[PDB]
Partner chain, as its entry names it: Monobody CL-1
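Take a look at this single chain, the form deposited without its partner chain, given in structure tokens.
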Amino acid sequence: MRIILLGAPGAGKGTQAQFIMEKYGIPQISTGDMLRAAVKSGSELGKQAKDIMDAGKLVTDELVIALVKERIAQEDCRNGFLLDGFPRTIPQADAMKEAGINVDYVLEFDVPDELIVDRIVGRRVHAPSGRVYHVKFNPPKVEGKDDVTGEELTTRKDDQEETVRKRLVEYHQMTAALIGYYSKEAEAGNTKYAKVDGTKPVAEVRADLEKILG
């Protein structure tokens, strides 16, 4: 199974990705996670993203296309994968088409703009795994600690309010058009498309997605 997650910043894509990965045993391909990891490790492919992400801007198409192409060539992607943050622009989507990368589901996470800032400012992450928490809405069992590894959670450098607002502008300017893109693909029978209410509690969004994915 191959899946794309669409939605504004903070819509809950990464949170729900964890559950989908487990049930269907496919890896999460998170371009945000991959870019942050490249910056942290000083990897030649992706370290350039540091200043761009801090500015709340999109990394160039060619860089993230290269990162994704490298990542889905791995053997753990041979029987399916979950795309989380990719594609993020029309050219990124067309690059997938050009490469002949078909998907089975495109899942849109709907959340009002007014909820995004207070979600992201409370976000805490376990970088090695991609797991994320919220200090109020979805906290760890032990404050500041990853539930699975017990390792110390961190705060992303680009998660302050002003940077979030810039990300939201970028989204509406560049990324929202992917709804129509994959809605059109679905009408052609090239994939299924489904929209969920991302304001529901985490477990209910999970249940709604499970009902769609069967």
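Positions refer to the first chain, counted from 1.
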Which is higher on average in the deposited entry, the C-alpha temperature factors of 40-48 or of 158-166?
40-48
Mean Cα B-factor comparison, 66-74 or 147-155, giving the higher one as deposited:
66-74
Could you say which of 104, 98, 108, 113 has its CA atom at the highest B factor, as listed in the PDB entry?
98
Hey, out of 90, 117, 127, 83, whose CA B-factor is highest in the deposited coordinates?
127
If you rank the chain by CA B-factor, which third does residue 33 end up in: lowest, middle or highest?
middle
Thinking about Cα B factors across the chain, which third does residue 203 belong to?
middle
Which third, lowest, middle or highest, does the CA B-factor of residue 195 fall in along this chain?
middle
Sorting the chain's modelled residues by C-alpha B-factor, tell me whether residue 25 ends up in the lowest, middle or highest third.
highest
Within this chain, which third does the Cα B-factor at residue 188 fall in: lowest, middle or highest?
highest
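There is also a form deposited with its partner chain bound; it is not shown, and the following applies to it.
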Thinking of 110, 193 and 196 as one candidate spot, does its partner chain come within 4.5 Å of a heavy atom in every one of them in the deposited bound form?
yes
Taking heavy atoms only, is residue 200 within 4.5 angstroms of its partner chain in the deposited bound form?
yes
Using a 4.5 Å heavy atom cut-off, state whether residue 180 contacts its partner chain in the deposited bound form.
no
Whether residue 189 contacts its partner chain in the deposited bound form should be assessed with a 4.5 Å heavy atom distance threshold; does it?
yes
Would residue 1 show up as a contact with its partner chain in the deposited bound form if we use heavy atoms at 4.5 Å?
no
Who in 198-214 is close to its partner chain in the deposited bound form, meaning a heavy atom within 4.5 Å?
200, 208, 211, 212
